[PDB]
$ cat entry_30.cif   # mmCIF, C-alpha atoms and all ligand atoms
data_protein
#
loop_
_atom_site.group_PDB
_atom_site.id
_atom_site.type_symbol
_atom_site.label_atom_id
_atom_site.label_comp_id
_atom_site.auth_asym_id
_atom_site.auth_seq_id
_atom_site.Cartn_x
_atom_site.Cartn_y
_atom_site.Cartn_z
ATOM 1 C CA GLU A 1 -15.626 20.696 34.840
ATOM 2 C CA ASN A 2 -14.275 17.529 36.450
ATOM 3 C CA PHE A 3 -11.373 17.876 34.010
ATOM 4 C CA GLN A 4 -8.609 20.466 33.677
ATOM 5 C CA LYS A 5 -7.861 21.292 30.071
ATOM 6 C CA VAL A 6 -4.100 20.920 29.908
ATOM 7 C CA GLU A 7 -4.076 21.844 26.241
ATOM 8 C CA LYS A 8 -5.905 21.650 22.939
ATOM 9 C CA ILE A 9 -4.467 18.602 21.224
ATOM 10 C CA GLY A 10 -5.879 19.665 17.860
ATOM 11 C CA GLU A 11 -8.881 20.047 15.560
ATOM 12 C CA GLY A 12 -10.235 16.671 14.611
ATOM 13 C CA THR A 13 -12.477 14.738 12.263
ATOM 14 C CA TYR A 14 -15.830 15.372 13.978
ATOM 15 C CA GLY A 15 -14.601 17.877 16.564
ATOM 16 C CA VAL A 16 -11.865 19.287 18.788
ATOM 17 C CA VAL A 17 -9.574 17.193 21.029
ATOM 18 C CA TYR A 18 -8.191 18.097 24.460
ATOM 19 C CA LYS A 19 -5.633 16.687 26.880
ATOM 20 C CA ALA A 20 -7.341 16.561 30.248
ATOM 21 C CA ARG A 21 -6.596 15.386 33.753
ATOM 22 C CA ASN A 22 -9.402 13.827 35.727
ATOM 23 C CA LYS A 23 -9.175 15.377 39.201
ATOM 24 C CA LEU A 24 -10.952 12.316 40.591
ATOM 25 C CA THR A 25 -8.559 9.622 39.363
ATOM 26 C CA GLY A 26 -5.672 11.914 38.382
ATOM 27 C CA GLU A 27 -5.658 9.986 35.106
ATOM 28 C CA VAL A 28 -4.578 11.848 31.947
ATOM 29 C CA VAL A 29 -6.901 11.318 28.956
ATOM 30 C CA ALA A 30 -7.779 12.673 25.522
ATOM 31 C CA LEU A 31 -11.154 14.378 25.471
ATOM 32 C CA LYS A 32 -12.972 14.813 22.173
ATOM 33 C CA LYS A 33 -15.920 17.212 21.944
ATOM 34 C CA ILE A 34 -18.414 16.523 19.154
ATOM 35 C CA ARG A 35 -20.644 19.146 17.515
ATOM 36 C CA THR A 36 -26.888 20.964 17.219
ATOM 37 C CA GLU A 37 -30.487 19.734 17.225
ATOM 38 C CA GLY A 38 -29.929 18.033 20.582
ATOM 39 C CA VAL A 39 -28.065 15.105 18.976
ATOM 40 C CA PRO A 40 -29.269 11.839 17.353
ATOM 41 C CA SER A 41 -29.676 8.846 19.671
ATOM 42 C CA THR A 42 -28.609 6.437 16.925
ATOM 43 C CA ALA A 43 -25.037 7.682 17.079
ATOM 44 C CA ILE A 44 -25.002 7.405 20.873
ATOM 45 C CA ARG A 45 -25.792 3.676 20.828
ATOM 46 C CA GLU A 46 -23.334 2.765 18.060
ATOM 47 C CA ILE A 47 -20.478 4.793 19.525
ATOM 48 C CA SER A 48 -21.235 3.235 22.909
ATOM 49 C CA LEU A 49 -20.617 -0.128 21.246
ATOM 50 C CA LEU A 50 -17.061 0.968 20.462
ATOM 51 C CA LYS A 51 -16.142 1.073 24.164
ATOM 52 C CA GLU A 52 -16.052 -2.720 23.855
ATOM 53 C CA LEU A 53 -13.342 -2.536 21.193
ATOM 54 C CA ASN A 54 -10.129 -3.517 22.909
ATOM 55 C CA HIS A 55 -6.976 -4.134 20.929
ATOM 56 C CA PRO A 56 -3.368 -3.133 21.548
ATOM 57 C CA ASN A 57 -3.407 -1.254 18.243
ATOM 58 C CA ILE A 58 -6.651 0.610 18.830
ATOM 59 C CA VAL A 59 -6.780 3.687 21.067
ATOM 60 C CA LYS A 60 -9.093 2.679 23.926
ATOM 61 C CA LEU A 61 -12.413 4.510 24.069
ATOM 62 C CA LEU A 62 -12.929 4.973 27.813
ATOM 63 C CA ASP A 63 -16.276 6.750 28.008
ATOM 64 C CA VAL A 64 -19.049 8.265 25.969
ATOM 65 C CA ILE A 65 -20.578 11.177 27.852
ATOM 66 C CA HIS A 66 -23.931 12.546 26.807
ATOM 67 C CA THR A 67 -24.766 15.350 29.231
ATOM 68 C CA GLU A 68 -25.825 18.991 29.125
ATOM 69 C CA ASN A 69 -27.088 17.773 25.715
ATOM 70 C CA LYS A 70 -23.615 17.449 24.154
ATOM 71 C CA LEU A 71 -21.272 14.541 23.327
ATOM 72 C CA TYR A 72 -17.763 13.944 24.655
ATOM 73 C CA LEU A 73 -15.594 10.943 23.973
ATOM 74 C CA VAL A 74 -12.934 10.011 26.511
ATOM 75 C CA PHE A 75 -9.872 8.269 25.070
ATOM 76 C CA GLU A 76 -6.643 6.904 26.489
ATOM 77 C CA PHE A 77 -4.002 9.539 25.866
ATOM 78 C CA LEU A 78 -0.921 9.024 23.723
ATOM 79 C CA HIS A 79 1.831 11.584 23.463
ATOM 80 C CA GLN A 80 2.409 11.926 19.738
ATOM 81 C CA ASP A 81 0.723 11.442 16.401
ATOM 82 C CA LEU A 82 2.259 10.098 13.206
ATOM 83 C CA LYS A 83 1.898 13.471 11.460
ATOM 84 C CA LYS A 84 4.143 15.209 13.994
ATOM 85 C CA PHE A 85 6.552 12.263 13.984
ATOM 86 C CA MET A 86 6.877 12.357 10.170
ATOM 87 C CA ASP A 87 7.546 16.096 10.239
ATOM 88 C CA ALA A 88 10.148 15.574 12.944
ATOM 89 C CA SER A 89 11.729 12.761 10.925
ATOM 90 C CA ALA A 90 11.640 14.650 7.619
ATOM 91 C CA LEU A 91 15.366 15.374 7.558
ATOM 92 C CA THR A 92 16.508 11.796 8.101
ATOM 93 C CA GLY A 93 13.346 9.825 7.301
ATOM 94 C CA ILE A 94 11.816 7.068 9.450
ATOM 95 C CA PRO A 95 14.084 3.999 9.397
ATOM 96 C CA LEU A 96 12.626 1.186 7.241
ATOM 97 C CA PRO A 97 12.323 -1.292 10.150
ATOM 98 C CA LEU A 98 10.186 1.219 12.078
ATOM 99 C CA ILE A 99 7.998 2.031 9.059
ATOM 100 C CA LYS A 100 7.587 -1.732 8.641
ATOM 101 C CA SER A 101 6.742 -2.237 12.319
ATOM 102 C CA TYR A 102 4.240 0.609 12.209
ATOM 103 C CA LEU A 103 2.534 -0.696 9.033
ATOM 104 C CA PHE A 104 2.377 -4.219 10.544
ATOM 105 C CA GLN A 105 0.716 -2.987 13.760
ATOM 106 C CA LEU A 106 -1.701 -0.758 11.856
ATOM 107 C CA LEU A 107 -2.790 -3.683 9.692
ATOM 108 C CA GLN A 108 -3.268 -5.708 12.885
ATOM 109 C CA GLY A 109 -5.524 -2.964 14.236
ATOM 110 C CA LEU A 110 -7.490 -2.832 10.987
ATOM 111 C CA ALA A 111 -7.760 -6.623 10.775
ATOM 112 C CA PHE A 112 -9.257 -6.594 14.261
ATOM 113 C CA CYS A 113 -11.741 -3.802 13.560
ATOM 114 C CA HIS A 114 -12.738 -5.144 10.188
ATOM 115 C CA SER A 115 -13.381 -8.625 11.638
ATOM 116 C CA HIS A 116 -15.767 -6.916 14.078
ATOM 117 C CA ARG A 117 -17.472 -5.100 11.210
ATOM 118 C CA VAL A 118 -16.109 -1.708 12.231
ATOM 119 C CA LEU A 119 -14.786 0.655 9.545
ATOM 120 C CA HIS A 120 -12.660 3.707 10.091
ATOM 121 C CA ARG A 121 -13.461 5.583 6.821
ATOM 122 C CA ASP A 122 -11.358 8.561 7.928
ATOM 123 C CA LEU A 123 -7.755 7.321 8.358
ATOM 124 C CA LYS A 124 -4.895 9.848 8.295
ATOM 125 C CA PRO A 125 -1.572 10.533 10.027
ATOM 126 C CA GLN A 126 -3.318 12.765 12.603
ATOM 127 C CA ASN A 127 -5.363 9.812 13.909
ATOM 128 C CA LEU A 128 -2.487 7.357 14.205
ATOM 129 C CA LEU A 129 -0.961 7.742 17.678
ATOM 130 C CA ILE A 130 2.428 6.547 18.905
ATOM 131 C CA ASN A 131 4.113 5.970 22.258
ATOM 132 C CA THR A 132 7.684 5.647 23.518
ATOM 133 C CA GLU A 133 7.594 1.821 23.492
ATOM 134 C CA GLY A 134 7.181 1.527 19.725
ATOM 135 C CA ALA A 135 3.430 0.911 19.599
ATOM 136 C CA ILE A 136 1.170 2.665 17.111
ATOM 137 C CA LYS A 137 -2.607 2.854 17.546
ATOM 138 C CA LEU A 138 -5.610 3.798 15.413
ATOM 139 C CA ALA A 139 -7.988 6.396 16.844
ATOM 140 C CA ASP A 140 -11.518 7.525 15.887
ATOM 141 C CA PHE A 141 -12.739 4.216 14.487
ATOM 142 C CA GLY A 142 -16.419 4.021 13.683
ATOM 143 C CA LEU A 143 -17.111 7.701 14.300
ATOM 144 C CA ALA A 144 -17.841 8.187 10.586
ATOM 145 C CA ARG A 145 -20.614 5.575 10.474
ATOM 146 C CA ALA A 146 -22.193 6.714 13.754
ATOM 147 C CA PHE A 147 -22.509 10.254 12.409
ATOM 148 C CA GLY A 148 -22.606 11.414 8.792
ATOM 149 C CA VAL A 149 -19.817 12.701 6.549
ATOM 150 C CA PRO A 150 -19.224 16.520 6.635
ATOM 151 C CA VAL A 151 -17.495 18.684 3.988
ATOM 152 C CA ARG A 152 -16.018 20.671 6.890
ATOM 153 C CA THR A 153 -14.426 19.772 10.240
ATOM 154 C CA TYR A 154 -16.261 21.447 13.127
ATOM 155 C CA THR A 155 -16.126 25.138 12.253
ATOM 156 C CA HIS A 156 -14.033 26.529 9.372
ATOM 157 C CA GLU A 157 -11.099 24.158 8.863
ATOM 158 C CA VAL A 158 -10.200 22.274 5.686
ATOM 159 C CA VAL A 159 -10.859 18.506 5.636
ATOM 160 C CA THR A 160 -8.077 16.302 4.279
ATOM 161 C CA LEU A 161 -8.981 14.453 1.057
ATOM 162 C CA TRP A 162 -5.465 13.051 0.592
ATOM 163 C CA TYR A 163 -6.279 9.623 2.044
ATOM 164 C CA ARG A 164 -9.722 9.142 0.428
ATOM 165 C CA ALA A 165 -10.300 5.945 -1.606
ATOM 166 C CA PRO A 166 -11.331 6.405 -5.243
ATOM 167 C CA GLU A 167 -14.687 4.653 -4.861
ATOM 168 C CA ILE A 168 -15.589 7.353 -2.323
ATOM 169 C CA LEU A 169 -14.412 10.166 -4.610
ATOM 170 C CA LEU A 170 -16.514 8.609 -7.415
ATOM 171 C CA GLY A 171 -19.646 8.863 -5.292
ATOM 172 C CA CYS A 172 -20.089 5.262 -4.210
ATOM 173 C CA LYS A 173 -22.844 5.044 -1.599
ATOM 174 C CA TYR A 174 -21.580 1.905 0.150
ATOM 175 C CA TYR A 175 -18.125 1.878 1.804
ATOM 176 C CA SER A 176 -16.267 -1.356 2.415
ATOM 177 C CA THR A 177 -13.269 -2.240 4.562
ATOM 178 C CA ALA A 178 -11.256 -1.577 1.412
ATOM 179 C CA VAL A 179 -11.429 2.180 1.974
ATOM 180 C CA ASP A 180 -9.229 1.787 5.096
ATOM 181 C CA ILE A 181 -6.641 -0.286 3.255
ATOM 182 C CA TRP A 182 -6.429 2.438 0.577
ATOM 183 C CA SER A 183 -5.881 5.126 3.235
ATOM 184 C CA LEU A 184 -3.238 3.008 4.970
ATOM 185 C CA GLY A 185 -1.538 2.470 1.604
ATOM 186 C CA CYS A 186 -1.277 6.251 1.143
ATOM 187 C CA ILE A 187 0.186 6.633 4.625
ATOM 188 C CA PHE A 188 2.743 3.866 4.016
ATOM 189 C CA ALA A 189 3.920 5.653 0.842
ATOM 190 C CA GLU A 190 4.089 8.895 2.772
ATOM 191 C CA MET A 191 6.283 7.423 5.561
ATOM 192 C CA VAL A 192 8.640 6.061 2.891
ATOM 193 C CA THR A 193 8.977 9.124 0.636
ATOM 194 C CA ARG A 194 8.305 11.826 3.250
ATOM 195 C CA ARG A 195 5.702 13.570 1.070
ATOM 196 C CA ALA A 196 1.995 12.864 0.781
ATOM 197 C CA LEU A 197 1.295 10.542 -2.149
ATOM 198 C CA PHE A 198 -1.879 12.282 -3.411
ATOM 199 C CA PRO A 199 -2.091 15.772 -1.920
ATOM 200 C CA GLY A 200 -5.297 16.902 -3.677
ATOM 201 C CA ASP A 201 -6.579 20.409 -2.973
ATOM 202 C CA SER A 202 -10.120 19.612 -4.138
ATOM 203 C CA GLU A 203 -12.215 16.524 -4.858
ATOM 204 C CA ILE A 204 -11.519 16.513 -8.584
ATOM 205 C CA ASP A 205 -7.844 17.383 -8.023
ATOM 206 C CA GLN A 206 -7.633 14.456 -5.596
ATOM 207 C CA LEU A 207 -9.154 12.166 -8.186
ATOM 208 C CA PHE A 208 -6.972 13.424 -10.998
ATOM 209 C CA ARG A 209 -3.783 13.118 -8.895
ATOM 210 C CA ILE A 210 -4.671 9.468 -8.324
ATOM 211 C CA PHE A 211 -5.462 9.076 -12.046
ATOM 212 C CA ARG A 212 -2.158 10.703 -13.176
ATOM 213 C CA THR A 213 -0.233 8.239 -11.009
ATOM 214 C CA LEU A 214 -2.107 4.937 -11.191
ATOM 215 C CA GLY A 215 -3.672 5.613 -14.610
ATOM 216 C CA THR A 216 -7.289 6.569 -15.340
ATOM 217 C CA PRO A 217 -9.289 3.483 -14.387
ATOM 218 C CA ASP A 218 -11.403 1.693 -16.990
ATOM 219 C CA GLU A 219 -13.717 -1.311 -17.173
ATOM 220 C CA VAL A 220 -10.725 -3.622 -17.622
ATOM 221 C CA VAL A 221 -9.030 -2.857 -14.281
ATOM 222 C CA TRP A 222 -12.198 -1.811 -12.458
ATOM 223 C CA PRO A 223 -15.443 -3.460 -13.661
ATOM 224 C CA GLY A 224 -18.336 -1.127 -12.927
ATOM 225 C CA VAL A 225 -16.245 2.045 -12.677
ATOM 226 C CA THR A 226 -17.856 3.797 -15.681
ATOM 227 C CA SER A 227 -21.202 3.355 -13.917
ATOM 228 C CA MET A 228 -20.167 5.072 -10.689
ATOM 229 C CA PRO A 229 -22.357 8.051 -9.715
ATOM 230 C CA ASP A 230 -19.691 10.737 -10.213
ATOM 231 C CA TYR A 231 -17.865 9.051 -13.082
ATOM 232 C CA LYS A 232 -17.614 11.253 -16.226
ATOM 233 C CA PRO A 233 -16.688 9.837 -19.629
ATOM 234 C CA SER A 234 -14.960 13.193 -20.081
ATOM 235 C CA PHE A 235 -12.272 12.314 -17.470
ATOM 236 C CA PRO A 236 -8.861 12.677 -19.110
ATOM 237 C CA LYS A 237 -7.171 9.353 -19.835
ATOM 238 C CA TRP A 238 -3.761 9.174 -18.165
ATOM 239 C CA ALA A 239 -1.409 6.225 -18.567
ATOM 240 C CA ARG A 240 -0.357 4.415 -15.415
ATOM 241 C CA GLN A 241 2.990 5.469 -13.993
ATOM 242 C CA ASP A 242 5.943 3.197 -13.764
ATOM 243 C CA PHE A 243 5.479 2.141 -10.148
ATOM 244 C CA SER A 244 9.170 2.289 -9.160
ATOM 245 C CA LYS A 245 8.775 6.031 -9.632
ATOM 246 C CA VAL A 246 6.011 6.241 -6.980
ATOM 247 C CA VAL A 247 7.876 5.174 -3.823
ATOM 248 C CA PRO A 248 11.624 5.131 -4.364
ATOM 249 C CA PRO A 249 13.660 3.699 -3.004
ATOM 250 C CA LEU A 250 11.306 1.129 -1.401
ATOM 251 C CA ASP A 251 12.289 -2.459 -2.282
ATOM 252 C CA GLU A 252 10.119 -4.820 -4.384
ATOM 253 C CA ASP A 253 8.394 -6.554 -1.425
ATOM 254 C CA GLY A 254 7.227 -3.176 -0.158
ATOM 255 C CA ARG A 255 6.335 -1.907 -3.627
ATOM 256 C CA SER A 256 4.409 -5.111 -4.261
ATOM 257 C CA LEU A 257 2.470 -4.801 -0.977
ATOM 258 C CA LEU A 258 1.727 -1.132 -1.689
ATOM 259 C CA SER A 259 0.416 -1.859 -5.213
ATOM 260 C CA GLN A 260 -1.962 -4.421 -3.729
ATOM 261 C CA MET A 261 -3.237 -1.901 -1.147
ATOM 262 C CA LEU A 262 -3.752 0.624 -3.963
ATOM 263 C CA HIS A 263 -5.745 -1.521 -6.431
ATOM 264 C CA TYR A 264 -8.587 0.482 -7.994
ATOM 265 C CA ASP A 265 -11.175 -2.269 -7.628
ATOM 266 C CA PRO A 266 -12.163 -2.398 -3.932
ATOM 267 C CA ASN A 267 -12.687 -6.107 -4.560
ATOM 268 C CA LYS A 268 -9.129 -6.739 -5.736
ATOM 269 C CA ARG A 269 -7.639 -4.466 -3.044
ATOM 270 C CA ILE A 270 -5.795 -6.600 -0.436
ATOM 271 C CA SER A 271 -7.406 -7.280 2.976
ATOM 272 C CA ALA A 272 -5.705 -6.307 6.235
ATOM 273 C CA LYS A 273 -5.497 -10.026 7.089
ATOM 274 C CA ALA A 274 -3.997 -11.022 3.761
ATOM 275 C CA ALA A 275 -1.610 -8.072 3.929
ATOM 276 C CA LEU A 276 -0.207 -9.345 7.236
ATOM 277 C CA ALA A 277 0.947 -12.488 5.416
ATOM 278 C CA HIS A 278 2.800 -10.575 2.709
ATOM 279 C CA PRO A 279 6.534 -11.408 2.383
ATOM 280 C CA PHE A 280 7.267 -7.754 3.176
ATOM 281 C CA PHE A 281 6.707 -8.657 6.849
ATOM 282 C CA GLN A 282 8.910 -11.759 7.024
ATOM 283 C CA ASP A 283 11.661 -9.797 8.808
ATOM 284 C CA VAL A 284 9.383 -7.478 10.831
ATOM 285 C CA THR A 285 10.642 -6.371 14.270
ATOM 286 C CA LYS A 286 9.531 -3.802 16.844
ATOM 287 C CA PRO A 287 12.054 -0.970 17.132
ATOM 288 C CA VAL A 288 11.641 1.938 19.540
ATOM 289 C CA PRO A 289 11.294 5.384 17.961
ATOM 290 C CA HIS A 290 13.279 8.402 19.066
ATOM 291 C CA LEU A 291 10.502 10.577 20.417
ATOM 292 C CA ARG A 292 10.865 14.168 21.525
ATOM 293 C CA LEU A 293 7.986 14.910 23.885
HETATM 294 O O1 LIG A 301 1.740 16.267 20.132
HETATM 295 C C1 LIG A 301 0.685 15.426 20.373
HETATM 296 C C2 LIG A 301 0.302 15.160 21.670
HETATM 297 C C3 LIG A 301 -0.789 14.294 21.927
HETATM 298 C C4 LIG A 301 -1.493 13.704 20.862
HETATM 299 N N1 LIG A 301 -2.621 12.814 21.131
HETATM 300 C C5 LIG A 301 -3.781 12.736 20.251
HETATM 301 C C6 LIG A 301 -4.897 11.694 20.583
HETATM 302 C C7 LIG A 301 -4.804 10.907 21.749
HETATM 303 O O2 LIG A 301 -3.716 11.053 22.588
HETATM 304 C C8 LIG A 301 -5.789 9.969 22.061
HETATM 305 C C9 LIG A 301 -6.909 9.813 21.201
HETATM 306 C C10 LIG A 301 -7.021 10.611 20.004
HETATM 307 C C11 LIG A 301 -8.163 10.451 19.119
HETATM 308 C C12 LIG A 301 -8.276 11.220 17.966
HETATM 309 C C13 LIG A 301 -7.277 12.162 17.640
HETATM 310 C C14 LIG A 301 -6.160 12.324 18.505
HETATM 311 C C15 LIG A 301 -6.042 11.540 19.692
HETATM 312 C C16 LIG A 301 -1.117 13.976 19.565
HETATM 313 C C17 LIG A 301 -0.019 14.844 19.311
#
$ encode --input "entry_30.cif" --output "structure tokens" --more "lines below"
Ligand SMILES: Oc1ccc(/N=C/c2c(O)ccc3ccccc23)cc1
Amino acid sequence: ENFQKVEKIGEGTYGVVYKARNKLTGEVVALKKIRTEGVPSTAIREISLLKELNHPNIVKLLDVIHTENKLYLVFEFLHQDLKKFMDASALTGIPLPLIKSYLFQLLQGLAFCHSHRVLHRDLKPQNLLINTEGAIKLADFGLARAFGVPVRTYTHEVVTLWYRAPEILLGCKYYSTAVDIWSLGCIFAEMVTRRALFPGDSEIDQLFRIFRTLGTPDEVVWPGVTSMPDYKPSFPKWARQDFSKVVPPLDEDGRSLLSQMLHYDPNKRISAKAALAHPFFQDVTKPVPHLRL
């Protein structure tokens, strides 16, 4: 009521987003409404902690408003998300130096969050936001841990499994920072090829798409995998794909970085910090995108 809804930005992870102007300050912000027993107070404290997260590559959380017994998050507003940008770039593709710059910044954001013991758990093109100056920022960090993990969005919309790490699909109870690196790996592949890497339409389809590409994991590549809660010995055994087939025509530095982000074993999977030192980034620059707003 102290905001004017300018528009509905979209339908998000834990709820719906709006572009709002604050009549008081005239400042334009993104306003996220979260789903009702009167709310948990655990989530409120944890999310409140996120306000202290400040990094150039993290969308700033401005306020957490608990009032009239509902929860609103107030975020700095950015004009476009990576999903829309990829669709807009689908004819020509995103130039390699911009993909590289975007990946580099995203890993910086992740390195920062992970070093503060904050996980995203939900990464996807919709929650990566871009501006006219060439920056890219991660949004909705730590929301997943605060709350629980739904099989739906808010009300009747289909949750994206495409970016989900295999340890999550296999029913692992404890997430690590590795799940964010996996998601980012999928997004990197998607910027390069202009199609989603693993567009699963169900949980098992998601798993089997990963298996058909990277090979069905076994105890050799992933010690402990056959003991995972949802692991079935009856899984079909697919041979790993020639990797040059996965993301053509990305060069070998990029392919090498991607393979390290996509390791099955969360323990072998590269860290955001280590990834920043990969030779892929030796020539990194910061180009400006062509943005139609
Ligand atoms: O055409 C578009 C216009 C504005 C957009 N902003 C989305 C956004 C934001 O500007 C700030 C924080 C967020 C947090 C979660 C999800 C989206 C956002 C996206 C596409």
$ residues_around --input "entry_30.cif" --residues "residue 1 (chain A)" --least-positions-apart "2" --cutoff "10 Å" --atoms "only C-alpha atoms" --output "number ranges by chain"
A: 3-5, 22-23
$ resolve_selection --input "entry_30.cif" --expression "the PyMOL selection byres (((chain A and resi 233-240) around 9) and not hetatm)" --output "list in words"
residues 208, 211, 212, 213, 214, 215, 216, 217, 226, 231, 232, 241, 242 and 243 of chain A
$ write_last_selection --input "entry_30.cif" --atoms "C-alpha atoms" --output "PDB file, keeping the file's coordinate frame"
ATOM      1  CA  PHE A 208      -6.972  13.424 -10.998  1.00  0.00           C
ATOM      2  CA  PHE A 211      -5.462   9.076 -12.046  1.00  0.00           C
ATOM      3  CA  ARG A 212      -2.158  10.703 -13.176  1.00  0.00           C
ATOM      4  CA  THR A 213      -0.233   8.239 -11.009  1.00  0.00           C
ATOM      5  CA  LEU A 214      -2.107   4.937 -11.191  1.00  0.00           C
ATOM      6  CA  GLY A 215      -3.672   5.613 -14.610  1.00  0.00           C
ATOM      7  CA  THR A 216      -7.289   6.569 -15.340  1.00  0.00           C
ATOM      8  CA  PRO A 217      -9.289   3.483 -14.387  1.00  0.00           C
ATOM      9  CA  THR A 226     -17.856   3.797 -15.681  1.00  0.00           C
ATOM     10  CA  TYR A 231     -17.865   9.051 -13.082  1.00  0.00           C
ATOM     11  CA  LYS A 232     -17.614  11.253 -16.226  1.00  0.00           C
ATOM     12  CA  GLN A 241       2.990   5.469 -13.993  1.00  0.00           C
ATOM     13  CA  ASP A 242       5.943   3.197 -13.764  1.00  0.00           C
ATOM     14  CA  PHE A 243       5.479   2.141 -10.148  1.00  0.00           C
TER      15      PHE A 243
END
$ resolve_selection --input "entry_30.cif" --expression "the PyMOL selection byres (((chain A and resi 171) around 9) and not hetatm)" --output "ChimeraX atom specification"
/A:166-170,172-173,228-231
$ residues_near_ligand --input "entry_30.cif" --ligand "ligand LIG 301 (chain A)" --cutoff "7 Å" --atoms "only C-alpha atoms and all ligand atoms" --output "PyMOL selection string"
chain A and resi 9+12+17+30+59+75-81+84+126-127+129+139-140
$ atom_distance --input "entry_30.cif" --atom1 "CA of residue 246 (chain A)" --atom2 "CA of residue 188 (chain A)"
11.7 Å
$ residues_around --input "entry_30.cif" --residues "region 114-118 of chain A" --least-positions-apart "3" --cutoff "9 Å" --atoms "all atoms listed in the file" --output "number ranges by chain"
A: 50, 53, 109-111, 141-142, 145, 177, 272
$ write_last_selection --input "entry_30.cif" --atoms "C-alpha atoms" --output "compact mmCIF listing (two decimals), keeping the file's coordinate frame"
# COMPACT_ATOMS: atom_id res chain seq x y z
CA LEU A 50 -17.06 0.97 20.46
CA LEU A 53 -13.34 -2.54 21.19
CA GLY A 109 -5.52 -2.96 14.24
CA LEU A 110 -7.49 -2.83 10.99
CA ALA A 111 -7.76 -6.62 10.78
CA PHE A 141 -12.74 4.22 14.49
CA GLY A 142 -16.42 4.02 13.68
CA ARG A 145 -20.61 5.58 10.47
CA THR A 177 -13.27 -2.24 4.56
CA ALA A 272 -5.70 -6.31 6.24
$ closest_residue --input "entry_30.cif" --among "A:148, A:106, A:190, A:161" --to "residue 40 (chain A)" --atoms "all atoms listed in the file"
A:148
$ resolve_selection --input "entry_30.cif" --expression "the PyMOL selection byres (((chain A and resi 180) around 8) and not hetatm)" --output "list in words"
residues 110, 119, 120, 121, 122, 123, 165, 177, 178, 179, 181, 182, 183 and 184 of chain A
$ atom_distance --input "entry_30.cif" --atom1 "CA of residue 16 (chain A)" --atom2 "CA of residue 35 (chain A)"
8.9 Å
$ closest_residue --input "entry_30.cif" --among "A:277, A:88, A:220, A:262" --to "residue 292 (chain A)" --atoms "all atoms listed in the file"
A:88
$ decode --input "entry_30.cif" --residues "region 96-125 of chain A" --atoms "C-alpha atoms" --output "PDB file, in the first residue's frame"
ATOM      1  CA  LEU A  96      31.784 -15.716 -26.140  1.00  0.00           C
ATOM      2  CA  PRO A  97      33.461 -12.799 -24.304  1.00  0.00           C
ATOM      3  CA  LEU A  98      30.118 -11.865 -22.711  1.00  0.00           C
ATOM      4  CA  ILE A  99      29.299 -15.468 -21.758  1.00  0.00           C
ATOM      5  CA  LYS A 100      32.788 -15.610 -20.237  1.00  0.00           C
ATOM      6  CA  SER A 101      32.311 -12.325 -18.372  1.00  0.00           C
ATOM      7  CA  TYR A 102      28.937 -13.468 -17.074  1.00  0.00           C
ATOM      8  CA  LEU A 103      30.274 -16.862 -15.893  1.00  0.00           C
ATOM      9  CA  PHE A 104      33.241 -15.123 -14.195  1.00  0.00           C
ATOM     10  CA  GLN A 105      30.987 -12.697 -12.283  1.00  0.00           C
ATOM     11  CA  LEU A 106      28.560 -15.453 -11.312  1.00  0.00           C
ATOM     12  CA  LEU A 107      31.400 -17.539  -9.896  1.00  0.00           C
ATOM     13  CA  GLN A 108      32.549 -14.451  -7.979  1.00  0.00           C
ATOM     14  CA  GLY A 109      29.062 -14.124  -6.503  1.00  0.00           C
ATOM     15  CA  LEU A 110      28.989 -17.810  -5.582  1.00  0.00           C
ATOM     16  CA  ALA A 111      32.505 -17.712  -4.128  1.00  0.00           C
ATOM     17  CA  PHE A 112      31.376 -14.859  -1.897  1.00  0.00           C
ATOM     18  CA  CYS A 113      28.170 -16.551  -0.748  1.00  0.00           C
ATOM     19  CA  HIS A 114      29.785 -19.914  -0.247  1.00  0.00           C
ATOM     20  CA  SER A 115      32.583 -18.383   1.863  1.00  0.00           C
ATOM     21  CA  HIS A 116      29.821 -16.958   4.079  1.00  0.00           C
ATOM     22  CA  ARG A 117      28.172 -20.373   4.297  1.00  0.00           C
ATOM     23  CA  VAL A 118      25.193 -19.336   2.187  1.00  0.00           C
ATOM     24  CA  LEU A 119      23.876 -21.723  -0.481  1.00  0.00           C
ATOM     25  CA  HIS A 120      21.528 -20.872  -3.291  1.00  0.00           C
ATOM     26  CA  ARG A 121      20.163 -24.402  -4.015  1.00  0.00           C
ATOM     27  CA  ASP A 122      17.770 -23.019  -6.638  1.00  0.00           C
ATOM     28  CA  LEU A 123      19.897 -21.404  -9.388  1.00  0.00           C
ATOM     29  CA  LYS A 124      18.371 -20.857 -12.845  1.00  0.00           C
ATOM     30  CA  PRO A 125      18.362 -18.284 -15.653  1.00  0.00           C
TER      31      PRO A 125
END
